[PDB]
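Q: Opening piece of the complex, as it sits:
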Amino acid sequence: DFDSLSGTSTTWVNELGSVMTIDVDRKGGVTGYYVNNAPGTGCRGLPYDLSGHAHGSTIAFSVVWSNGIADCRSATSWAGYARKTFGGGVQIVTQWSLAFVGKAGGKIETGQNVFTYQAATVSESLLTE
Amino acid sequence: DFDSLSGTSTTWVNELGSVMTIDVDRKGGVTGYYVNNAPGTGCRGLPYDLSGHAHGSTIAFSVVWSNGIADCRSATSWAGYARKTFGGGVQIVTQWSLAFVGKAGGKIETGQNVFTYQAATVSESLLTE
Amino acid sequence: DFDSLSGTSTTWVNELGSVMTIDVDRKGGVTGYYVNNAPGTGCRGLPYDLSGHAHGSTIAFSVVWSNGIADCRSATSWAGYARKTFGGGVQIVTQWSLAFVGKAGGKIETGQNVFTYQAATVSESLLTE
Amino acid sequence: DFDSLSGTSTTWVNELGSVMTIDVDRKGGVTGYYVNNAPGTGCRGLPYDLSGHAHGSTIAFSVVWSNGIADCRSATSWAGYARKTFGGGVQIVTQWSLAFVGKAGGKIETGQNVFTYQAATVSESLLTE
Amino acid sequence: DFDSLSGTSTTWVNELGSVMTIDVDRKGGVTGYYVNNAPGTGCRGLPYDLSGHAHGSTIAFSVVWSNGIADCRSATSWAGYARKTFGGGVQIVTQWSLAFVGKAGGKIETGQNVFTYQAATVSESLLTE
Amino acid sequence: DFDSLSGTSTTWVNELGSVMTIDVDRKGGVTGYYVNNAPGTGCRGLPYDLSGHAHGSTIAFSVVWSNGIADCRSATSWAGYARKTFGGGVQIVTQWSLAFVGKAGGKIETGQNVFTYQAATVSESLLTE
C-alpha cells in the first residue's frame, strides 16, 4: 500500500543500480527524482525530475531525460505494483516504456525493472562504514 | 514539436476512441485529463487526472484509475513521440504499461496506442452539425 | 436536501445516461462538470463546466456547450427539486431549457430530466470488476 | 455576441419590470444579481445572487431565491439567446424553469421572458431628470 | 447597540419603502447597499453602495447616487441612533442631507427617515406565502 | 469636481477651524481623518476616522466620535457639493447631521459647514516659518 507512504520520502533501487526517491503526498501525488545507472545509456549519475501518482498497490511515474545538464531527448514512463518480500522487505515491480528519436525516426522500447526499498543507512564517517 | 504546445490545451484520441486533453506549460509540465473508452475496461466515460512531462518530440504521462467516482485500483503510464502524418496532421505514437492486482497477485500488460490531434470543432447547435 | 451536500462531490445520472459531478460548497455554490449522452446531440462524451446554486430542496445549474474541444453554440439550464427514493436513494427532478442559434436563427426547447445519485464504486482491476 | 460584454456590467429588464445586472468576465463567467418585480410573487424588490455562463449568442444563469432576507425555497434557471432590435437595442430571449416544494410536493413551472438592455442614464439631480 | 450587529447582515425599511441592507464588522465598519423607492426621485429600485460606521447606539452612512446604471449626480448622508420599540423591534432614527447641483447651482436638502429592522422571512414557494 | 482627486490626499478646513484630510481612490471611495475644533464639543484636537464616497461635484462622509481615546457616543454625517472659488480655490458646501444619546435619550442636530481646500505648506524649521 502506497497510501502508507503519505507525507514520507522513500528510496528504491532497481536491478541495474538506478535509484528513485519519491515523496507521496496525502492525495497520492508522486514527486522526487531519478538517478539513471543503466549500462549503455546517457543521462547517467545525476538527478532527473520524476512525477506521477500512487493509489493502493499501484503507481505510475515518468521521467523526461532533460535536467539542464544532459538532455537525452527521451522520455520514460513506468507503471507497477507493490509486493512484500521474505522477512519484512518491499519492492515495486514495474514495466517501462522509453520513447526517443533515432536517425530512423521515432522508436519505443519496453522492459521490466524491480525496485527494492532501501532503508536509510548511517555510517561511522564519510571514510569508514 | 511539443515545446510549441507551450501555454495551449490540445485534445488527442486513440484508435479505441479514448481521449486525452493536455495542458503543456512553458517548462514542459503536462496536466489535464484522460477519458477511457476502451472495450472490456472499467473506469469508462469520465475524466481521470493525467500528468507528466513533454520535451522534445517525446512525452511521458500517467493516469491512476481513481477519480472519486470509479476506482479500478490500476495505473497506466505512456511514453510517446510526436510524428506528422501526410495531411498536415499530428499524432503521438505511444507505448503504455498497466499495473493492477488480480486475485492471482500483481500483473502488468503493455500495448501501443496512437493518439491523433483533434482540432476544435464548431457545430450549428447541440441538435445540428 | 442539498445543504447536507455542503463540502461534498456527488455524481448523478439521468434517464438518457448523461452524468454530472457536482461540488456544493458551504454557501450552496454548485460547480463541477456535465457529460452529455443525449441521442442526436453533439458535444457528447466529454466534460463541460457546470455552475449554479442549491438551497434546501431546490437547485438550478447551467452548462454552456463550449469546452475548447466542441462548441455546439448552445446553453442548457436546469431547475429542480430533490426527492428521496423509497429506501435511502435521492433523485433530482428537473425541467431544462436549451437555447441555440441555427441557420433558422434563435430557438429554445424544454423538457424534463430525472437525475439519480450514484455512490462511488471500486472494481478489482481496470479489466475485471 | 456576449463575448463583447467581457469586463462589462450590463443591466437588462423583462416585460414584468424584473432586472438582472450581470458581469461577464473574459472566460464568459456570469455573476451579478437579479431583482424580482413580478406581480403575485415573493422575494420582491431586492437583489438575489445570479450566476451562469455566456458564449457567442447564448447564455444560461440561475437564481436561488434565498438571500438572507426572504427565502421563497425555490430556484429559477434561464437559458437564452441574444437578438439585436431596430435602433441598436439588444435583448436576451429566455426560457426559464422554476422549481419549488409546496405541501403538494415538488413542482416545476416554465415560461418565457425577453430581457431588454437598459443603457446607463445621467439625470440632473435625485429630484429631477 | 450596533456592537451586537458584529458579523451580521440586517435589512431596514423606512416609511417610503426604501431599504438598506448593512454588514457591521467587528470594528463597527458598515458596508452594504441602499435601494431607493421614494416617490418622485430617480435612482429607484436598484442597489447603490452604502458605507459608514456604527458604535454603541449611533451610526452614520453615505450613498452616492451613481452605480453604473443610473447617476442622479447627488450624495446622501445619514446620522442616526438606534431605538427599541414595543414587541422587541428596533429602529434607526436618522437625519439625512442630500447634495446635488441643478442648473440653479449647488443645493442641499435635509429630512428625517425612521428605518425599521425587517426580520428574515421564509415562504412556502416563490408563488405562495 | 472630485473625480480629479482620484489617487490624492487633500486637507480642508471649515469655518470653525475643524480640519479633515481625505484620500479619494479611483472608484470615488473616501477615507482619512477628521480633527474637530467646534467650540463646546468633546472629542477635540485628535484624529477620528472618516469614510464616504465622492462622484462628480458631490460628496458624503461620516465620522463616528470614538477613536479609542475619547468616545462622545455620537456620529456626524456630511453631504456636500464642490464649488470653485474666484481664482482657483475650491470649497465644499456641506449640511451635517449629528446623532447622539444623552440622559434625555436620542437626539439629532443639523447645521452647515463650508470646507476650504488648504494646499501643503513648508516652513524653514519647527521654530521659524
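A: Now that the structure is in, tell me what you want to look at. Residues are numbered from 1 along each chain as shown, chains lettered A, B, ... in the order given.
Q: only C-alpha atoms for contact and neighbour calcs from this point on.
A: Noted.
Q: which ones are touching the residue positioned nearest the centre of chain A?
A: Geometric centre of chain A, nearest residue: residue A:20, 3.7 Å, by C-alpha atoms, centre = their mean. Taking C-alpha atoms under 8 Å, 6 or more residues apart in numbering or on different chains, we find residue A:20 in contact with A:11, A:12, A:13, A:32, A:33, A:34, A:35.
Q: From those, which land in strands?
A: Mapping those onto strands (DSSP state E) picks out A:11, A:12, A:13, A:32, A:33, A:34, A:35.
Q: Please identify the helix or strand for the residue nearest to the centre of chain A.
A: Element membership for residue A:20, per DSSP states H and E: strand A:19-24.
Q: quick one: buried residues of that strand?
A: Within strand A:19-24, the residues that qualify as buried are A:19, A:20, A:21, A:22, A:23, A:24, counting by 16 or more other C-alpha atoms under 10 Å in any protein chain shown.
Q: Closest one of those to chain D?
A: Comparing the buried residues of strand A:19-24 against chain D with C-alpha to the nearest C-alpha places residue A:24 closest, at 34.1 Å.
Q: What separation do you get for that closest one and residue E:74?
A: Distance, residue A:24 to residue E:74, using C-alpha to C-alpha, to the nearest Å: 61 Å.
Q: ok, back up a step: beta partners for the residue nearest to the centre of chain A?
A: residue A:34 (DSSP bridges).
Q: Kindly report the same for the one 4 residues further on.
A: Note on residue A:24: beta-bridge partners by DSSP bridges are residue A:6, residue A:30.
Q: I'd say it and residue A:5 touch.
A: Yes - Residue A:24 lies in contact with residue A:5 (C-alpha atoms under 8 Å); the separation is 5.9 Å.
Q: Residue A:108 contacts residue B:95, doesn't it?
A: Yes - with contact defined as C-alpha under 8 Å, residue A:108 and residue B:95 form a contacting pair (6.9 Å).
Q: okay, and the common contacts of those two?
A: Shared contacts of residue A:108 and residue B:95, defined by C-alpha under 8 Å, 6+ apart, are found at A:97, B:79, B:80.
Q: how many neighbours does the last one have?
A: It refers to residue B:80. As a burial measure, residue B:80 scores 32 neighbours (other C-alpha atoms under 10 Å in any protein chain shown).
Q: same structure, new chain, call it chain G:
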Amino acid sequence: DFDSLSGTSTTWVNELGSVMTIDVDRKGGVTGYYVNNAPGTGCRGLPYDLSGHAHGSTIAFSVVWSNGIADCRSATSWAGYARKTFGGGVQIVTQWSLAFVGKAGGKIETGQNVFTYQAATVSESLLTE
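A: With chain G added, the chains above now look like this:
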C-alpha cells in the same frame, strides 16, 4: 512595564498638551502618531508618524516633521523611562533632541518632556461631558 503594552494602543500627553498615541507589538516595535501642541512651533494640531522601540522600562521614538500637510524640515527623537506616580498613574520621563537648518546652518536643541498616560474617556454626547 513596556512589555505589558504588548498588542495595546495607549495615549500619553506632555506638560505642553502635545499628544502621542503608540502601538507596541509583541517584539517591542512602536508605531503610532504624535500631535504637537507646543507654543512657538510649526506643524501643530495634526498627526505626524511616530516610530521606535520599547523594551524594559525604556523607550526610544522619533518623529520627522513632514506629513504631506505641513513640513517643518526638522526631526525630533526621544529616549525615556517609565515610572509609576502615587495614584496608580504611569508616566514616561523623556529627553528629546530636535534638528533643523536655520539660515545660520544646522542646529540641535534638547529638553525634557514628561508624558502622562491618559485612560480612554467616555462622554454623554459630543455636546455634553
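Q: In light of the added chain G, please revisit the neighbour count of residue B:80.
A: 32.
Q: who touches it in this structure?
A: Taking C-alpha under 8 Å, 6+ apart, we find residue B:80 in contact with A:75, A:98, A:99, A:100, A:108, B:58, B:59, B:60, B:92, B:93, B:94, B:95.
Q: what about 6 Å?
A: A:99, B:58, B:59, B:92, B:93, B:94 (C-alpha atoms under 6 Å, 6 or more residues apart in numbering or on different chains).
Q: Among those residues, which one is most surrounded by other residues?
A: residue B:59 (32 neighbours).
Q: Now the residue of chain A found nearest chain G. Nearest residue, chain neighbours left out?
A: The nearest approach of chain A to chain G comes at residue A:7, 33.9 Å away (C-alpha to the nearest C-alpha). Counting by C-alpha to C-alpha, 6 or more residues apart in numbering or on different chains, residue A:7 lies nearest to residue A:25, which is 4.8 Å off, once chain neighbours are set aside.
Q: how close does the one you found sit to chain E?
A: Using C-alpha to the nearest C-alpha, to the nearest Å, we find residue A:25 at a distance of 37 Å from chain E.
Q: so that residue touches residue A:9, yeah?
A: No - counting by C-alpha atoms under 6 Å, residue A:25 does not reach residue A:9; the two are 9.4 Å apart.
Q: higher neighbour count, the two?
A: A count of neighbours by other C-alpha under 10 Å puts residue A:25 above the other of residue A:25 and residue A:9, at 17 against 14.
Q: What is the neighbour count of residue A:86?
A: Counted with other C-alpha under 10 Å, residue A:86 comes out at 6.
Q: roughly how far apart are it and chain D?
A: Residue A:86 is 57 Å from chain D, by C-alpha to the nearest C-alpha.
Q: which residue does chain A bring closest to chain F?
A: residue A:27 (43.3 Å).
Q: Next, the contact list for that residue, please.
A: If you count contacts by C-alpha under 6 Å, 6+ apart, residue A:27 has none.
Q: three-state assignment of it?
A: Following DSSP: H, G, I helix; E, B strand; the rest coil, the label given to residue A:27 is coil.
Q: Chain E versus the closest residue to residue A:42 other than its chain neighbours, what's the distance?
A: Setting aside the residues directly before and after it, residue A:42 is nearest to residue A:72 in space (C-alpha to C-alpha, 6+ apart), at 6.5 Å. Remark: distance between residue A:72 and chain E (C-alpha to the nearest C-alpha) = 59 Å.
Q: add chain H to what we have:
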Amino acid sequence: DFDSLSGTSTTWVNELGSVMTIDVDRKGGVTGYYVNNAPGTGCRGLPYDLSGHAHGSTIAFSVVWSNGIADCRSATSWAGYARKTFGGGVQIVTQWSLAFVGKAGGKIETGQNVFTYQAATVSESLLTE
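A: That brings us to chain H, laid onto the chains above:
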C-alpha cells in the same frame, strides 16, 4: 540631503568608532543596525537594530540595547542634520539621549556625536591592505 540615499545602504562612523549602517527607502524610512564601540559602555561590538526616518537634511533614529545576545535595558535616540565637509565628504551632526534604570531609579543623559560617511573599501586580501 538624505532623500538622495533613497534605496541605498550607507555606513557612518562617529568620533568613538561606533558604526551605523542605514538603508533609506523611497519614503525616507530608516532601517539597519548600530555597532556600539563607546569606551565605558556595555552592548559593544555586535549589531543592534536601528530604525527612524529622514527627510531633507534631518534624520532621527533610535536603538534599543537588546539584540537577544546582550541586553543593557537602555534606549538611545538621535536627531541630526547632514553637512558637507572640505573636498567632497559628508557627516551627520547628532544629539542623543540615553535612558536607563540605575539603582537610583530612571536616569537620562545626552551628548553630541558626529558620524562621518565611510565609502565602501576594497583590500587586496583578508591578510593585506
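Q: once more on the contacts of residue A:20, this time with chain H?
A: A:11, A:12, A:33, A:34.
Q: what do you get for residue A:64?
A: Per C-alpha under 6 Å, 6+ apart, neighbours of residue A:64: residue A:75.
Q: from the contacts of residue A:20, which two are the most distant?
A: The span of the contacts of residue A:20, defined through C-alpha to C-alpha, is set by A:12 and A:33 at 10.9 Å.
Q: List phi and psi for the residue in chain A that chain C sits nearest to.
A: Closest approach between chain A and chain C, counting by C-alpha to the nearest C-alpha: residue A:58, at 10.5 Å. The phi/psi pair for residue A:58 (degrees, to the nearest 10) reads phi -120, psi 150.
Q: That one touches residue A:78, doesn't it?
A: No - using C-alpha under 6 Å, residue A:58 makes no contact with residue A:78, being 10.6 Å away.
Q: if I look at residue A:95, how far off is residue D:46?
A: For residue A:95 relative to residue D:46 (C-alpha to C-alpha), the value is 63 Å.
Q: When those two are compared, which one has more neighbours?
A: The neighbour comparison of residue A:95 against residue D:46 (other C-alpha under 10 Å) goes to residue A:95, with 26 against 22.
Q: CA atoms only: put the helix or strand that the more buried one is a member of into PDB for me.
A: Take DSSP H and E as the rule and residue A:95 turns out to sit in strand A:90-102. Output of strand A:90-102 as PDB, limited to C-alpha atoms (Å, rounded to 0.1, in the frame of the first residue of the first chain):
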ATOM      1  CA  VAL A  90       9.100  -4.300  -0.100                       C
ATOM      2  CA  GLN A  91       9.500  -3.900  -3.900                       C
ATOM      3  CA  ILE A  92       7.800  -2.200  -6.900                       C
ATOM      4  CA  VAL A  93       7.500  -4.400 -10.000                       C
ATOM      5  CA  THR A  94       7.400  -2.100 -13.000                       C
ATOM      6  CA  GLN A  95       7.100  -2.100 -16.800                       C
ATOM      7  CA  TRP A  96       8.600   0.900 -18.500                       C
ATOM      8  CA  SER A  97       8.300   2.400 -22.000                       C
ATOM      9  CA  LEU A  98      11.100   4.600 -23.500                       C
ATOM     10  CA  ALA A  99      10.400   6.900 -26.400                       C
ATOM     11  CA  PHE A 100      13.200   8.700 -28.500                       C
ATOM     12  CA  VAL A 101      14.000   9.900 -32.000                       C
ATOM     13  CA  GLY A 102      16.700   7.800 -33.800                       C
END
